[PDB]
There are 2 protein chains.
Amino acid sequence: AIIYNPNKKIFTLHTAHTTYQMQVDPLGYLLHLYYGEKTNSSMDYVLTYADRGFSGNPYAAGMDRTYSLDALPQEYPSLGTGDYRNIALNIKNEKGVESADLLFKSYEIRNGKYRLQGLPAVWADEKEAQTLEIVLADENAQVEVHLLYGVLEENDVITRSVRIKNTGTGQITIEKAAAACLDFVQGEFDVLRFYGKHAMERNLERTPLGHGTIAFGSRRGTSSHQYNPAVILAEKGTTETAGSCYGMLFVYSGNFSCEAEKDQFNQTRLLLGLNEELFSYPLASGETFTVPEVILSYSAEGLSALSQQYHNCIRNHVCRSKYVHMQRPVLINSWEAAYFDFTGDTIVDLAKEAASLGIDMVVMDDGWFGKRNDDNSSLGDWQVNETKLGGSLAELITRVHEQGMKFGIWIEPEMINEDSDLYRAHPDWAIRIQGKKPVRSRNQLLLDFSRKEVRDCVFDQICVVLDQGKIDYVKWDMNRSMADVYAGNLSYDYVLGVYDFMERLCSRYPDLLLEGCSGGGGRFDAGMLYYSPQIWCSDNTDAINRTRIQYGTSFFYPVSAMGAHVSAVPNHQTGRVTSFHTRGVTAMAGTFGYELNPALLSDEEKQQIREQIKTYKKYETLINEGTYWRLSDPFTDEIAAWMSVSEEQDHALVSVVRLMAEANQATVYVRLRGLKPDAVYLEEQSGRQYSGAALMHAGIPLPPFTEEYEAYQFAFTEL
Amino acid sequence: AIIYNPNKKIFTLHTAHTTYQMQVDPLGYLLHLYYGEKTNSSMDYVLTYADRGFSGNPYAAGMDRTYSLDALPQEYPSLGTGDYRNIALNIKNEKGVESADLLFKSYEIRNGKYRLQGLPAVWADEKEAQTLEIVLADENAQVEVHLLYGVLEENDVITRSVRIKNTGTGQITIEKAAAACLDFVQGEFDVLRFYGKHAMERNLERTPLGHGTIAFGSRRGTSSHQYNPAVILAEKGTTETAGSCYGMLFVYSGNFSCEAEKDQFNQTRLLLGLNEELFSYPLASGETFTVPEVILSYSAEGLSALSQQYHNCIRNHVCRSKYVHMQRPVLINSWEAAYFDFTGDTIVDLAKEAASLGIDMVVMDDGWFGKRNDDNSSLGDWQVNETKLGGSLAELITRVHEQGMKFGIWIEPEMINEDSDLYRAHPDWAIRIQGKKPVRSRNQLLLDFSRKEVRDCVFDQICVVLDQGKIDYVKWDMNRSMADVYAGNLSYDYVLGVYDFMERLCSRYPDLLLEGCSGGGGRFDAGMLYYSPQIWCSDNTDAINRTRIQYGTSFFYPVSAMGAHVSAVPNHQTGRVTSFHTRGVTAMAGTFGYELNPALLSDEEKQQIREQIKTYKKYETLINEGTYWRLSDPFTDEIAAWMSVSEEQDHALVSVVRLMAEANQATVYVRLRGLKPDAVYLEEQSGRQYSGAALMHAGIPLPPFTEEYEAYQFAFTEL
Ligand SMILES: [Mg+2]
Ligand SMILES: [Mg+2]
Ligand SMILES: [Mg+2]
Ligand SMILES: [Mg+2]
């Protein structure tokens, strides 16, 4: 629900269980009053006013020294109000002046959910959602700012976006543009963020917010491996199952900045949006710029509920793929299995092997195009290497189909190698600075996807390939960060170009399952999930590391979105050995699939694959649609444990991987969550019956281990 | 409810919201299965068995090395089972052997609540409570142990006691006897205990339970200032408003020991009961010994609910005084007002002064008997000093009644000074060791209250005094710890004697309001609250320190039980100055009352007294009967804040004392608890209206302070 009280100039946004409230003050400033548990009260009483030294006053406040935007909580604070905190907006006007001082002009409440020009965004129908659009302006800056709030009641989600219009005659530049700001007049908080590196993404870091700023972001041209564009502000003491917490999630696959600051008056400001670095975005007279969307959510009852709200929002209101509500083929991917050393014949052998085990699809990964026999050439040359494939791609697809198998293929359309026909023809199509030798990464360069001519060339090549046969799946990879950034519009316009290509591809091939990828989870974001129902979660396929990566990824993203494959051991990234069973349990927390040559496996491991596939298919709907619960913290605990629970709470699958081993082992219990306390549940394998209360308070004792890194799955059915 | 399953030999105790379960195993041992959230399951599945090195086996386990009482969870573990953890019971038999190895014999379930011979205990009617009595025995020790469990469903309380019988022919000694043991097979816990000193009792100490034992107790002959006989075992992460926590509270005013231990297998054992030090209790053939009661409780939703369960249990099922459900006279006490320097005339002047302010009662404190003109003589000589009083006590009482005032008096019956007629006549009546000069404390000695002849002499003297007129109130003090303990039965039998005297006194004078005291809160325990509806909380009457003392005291004990008086400044114990208003707000969290000479006050402070009394009387029922909530932690926070809420949640009184002051003050909010989220509440003084949700999530901003240690009271009424 969205309500306006014209007398108090208060806007209230209600979800099923939350309330967000803002007010236009007598000077025209849009103040933030409240976000938290549902209330019908007017929360303007929380505002207080004192003469605070060096916190100065708008001219319009006259002699009232107690009114300062350096103290008051705001919806969209800006550089140019006298506020000295981190700010959401900085405009450099047509005379070089950095100032924006925004006053209320008008509003509209609309049924349904706004869409964003050229960008992914949350979507919903006119019954499920409402939109508030508030117009603010600064007549000296000659800017008009449209704040967009999307309210999805059942999901307990409030989205925010911004459109900025130049209303003057000369060009302005947008120098900083956040999508969302939360100002808290009180509270002690921790900041949860998800940091990592290539092949070890999204480790949880949780620290108290001390005085000053905790900040993180990306200027890599991508959302990044290093810091995901996501933040949780948890009230001190909040746990998985109790206490207030707030999320912001950026629906965006490019650069970003997140800032959380505890100020001089013990107030907290949380910002998320575009990075101000390499962002000086020109806006001509009368033109509008759109800031990508942030999904906000609040939980009064801990982190697990907050995550569940995000999972549901992403599955049902971000992902547009038909595969959200369909079985997804269990695939085998050629990359760890063969790297570049394959032929058409060895792809068909992989299909034969995989077919005999119950695998549904073979994915021919990197190495099939140009003269790509290593990673030093051929990106941009998306012509099938028929020498290597021993014939045409059409013939290969048919040979695979004849083994009863679907076919998928890898592409990397944003990239070019110096050693390519494309680069020899068009060296100026690479992102570079004139006169400067560019950074190389994986011995390749980015194509300038801000340029239509560049995108069109590559799009046409990819269409020729995809039109050769029935290709049910594409893995779209992206294997380096952007450098040599030549202008202040490039980072943003590059990503517009990526999304344009992706939209064109998905529209042309609406039955295609598109798996996003960027050296693993280098663009693991809701922007990509708008197009792809799954993203390769990490290049690290070590089961033990995957417990951490998948744990961290679950704070915002649904299990269904996490690409996860059983791979060979010793693991190619770590050298560690894990049992085949443990690899299977860990990879079932995601898409499932395989990425190895099954011909090298023992007959016992081949039979495990057969049984694994049967297990995953049996539980696929539960894993993908069920309510997810983290049952342990793999950074600190003896086990990595999680579970999925059906909507009716009549079925649950519990997964456990042991992380630590000593002699004379203590008994370890796994405590379940999300069941009906008074219901009786049958554990399938053992045939024992337990109340939900018992399972949640005492849990179940794990069988004693006899080897390292042992794993377990337990299924429960309500009687 | 109490249930027996004969086939599984499982006993289940259900309260409204909790379940406690135990089992007799195939060898006859009484194992503890579960205590926590309500469940109908059989929790015996939580038991596990492994061959654990050096954890040995009863002979009766035969060749099964996996069965050990050094590992298994037990209701009442003992020295002599092969268990090496802290234990609940140690018996030294008629041959000198320390061993007790207890096996199940029989049980009974009874409606109603058991009583204890010569001891205070929880009481209830046959509809409100049930009792389980389990009989265990050791035929070699020749001991029979009766475990008593009392179940009070509505209160979510389970009580435990023990009766130990010598079934052999020779004398045994009881060397350790706990009342309660909780064994946890899993969980990470913190231990909350309440430590202090004279004039600074019951500071909260909360630490994680590391491997090893956290222990505390008293061998002072008293429950003590230093460590209260109370413990909370909180699951890691438990807060005031969420998470599992367990209480044990000893209904006993003598020696005790509490031990919490995290063992070699990451299990936790919590014990509370009698101290094993100075405890070697002889039991002749056929005789029974009773261990004092422990009140257990569990909360799944944080510490505040746990405390509320205790408050209700104590008010409605421990305290027997009629004053639990009646207005209590607002009193003025002569001690800080005059110390020993008073006459009958100055007591009547105090009555006159107090009457003009709306005070109901004058309490003549220490100094009225023998030649007690200081604390160096006369304890034991309970004859009125008619020289000092300028006449008889009967005449003094009448003179006070003529001023419209009730009368109260102080006694200290357990004590004797060497300089007394009683000591000159009966020096052997003091507790002492033959041939040894005794410890002196406050230049006095304990009388041996284990001796009937001693008690009878003093009881008769006190009766003569109380029979002189209408004395509505007695403050029974006790101003030193027990030393020179001459035998192993003395600590226990002394306290039996105290309770016998107290029972006789209360039975003879059933309309008397008896306030317990022991240099303040030196016996602030549920044993005393059985007889007294209030206990002088501390000799420290400094308002700022009282915020901490009262906070700590509230973890187990109701506000109504806390004696609290407005006293003069600079404070007599600290030298600190506080405003009269702040003293008033702090002392209203308790009995209220005054302890100063009002003749020395300004007319403005006299008028404050008039208004304070009107305020306390207006809110007396709410403060005493309402649900109590700690709203801040005075050890860490900017404020000491608390509130009381009516049962219907239609009325609340919020109290705040500021603790910290700096320039350019930040706005401090007090967040309320325990209201109805959707209800609308009117704040009385301001006339502003708020939803419960608003008040609990955002709270209310405190008015800015202009002086140090400022206090506030806010009243809310549901519209
Ligand atoms: Mg910039
Ligand atoms: Mg920055
Ligand atoms: Mg002993
Ligand atoms: Mg001890």
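Protein chains get the first letters and strands the later ones, always in sequence-line order, with residue 1 at the start of each. Remember, it's 1-based here, ligands and their atoms both numbered in the order they're listed.
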request  = Quick one: report the N, O or S atom of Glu276(B) that is nearest to the Mg ion (ligand 4).
outcome  = OE2

query = Relative to the ring of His198(A), is the ring of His225(A) parallel (under 30°), tilted (30 to 60°) or perpendicular (over 60°)?
reply = perpendicular

message = I need the minimum non-hydrogen distance between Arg480(A) and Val439(A), along with the two atoms involved.
response = NH1-O, 2.9 Å

task = Could you tell me how the ring of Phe449(B) sits relative to the ring of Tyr494(B): parallel (under 30°), tilted (30 to 60°) or perpendicular (over 60°)?
result = tilted

message = Under 2.8 Å from the Mg ion (ligand 3), can any N, O or S atom of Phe279(B) be found?
response = yes

message = Does this structure show an ion pair linking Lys436(B) with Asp484(B), if we count only N-O contacts that are shorter than 4.0 Å?
response = yes

inquiry  = Looking only at N, O or S atoms, which one in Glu175(B) sits nearest to the Mg ion (ligand 3)?
reply    = O

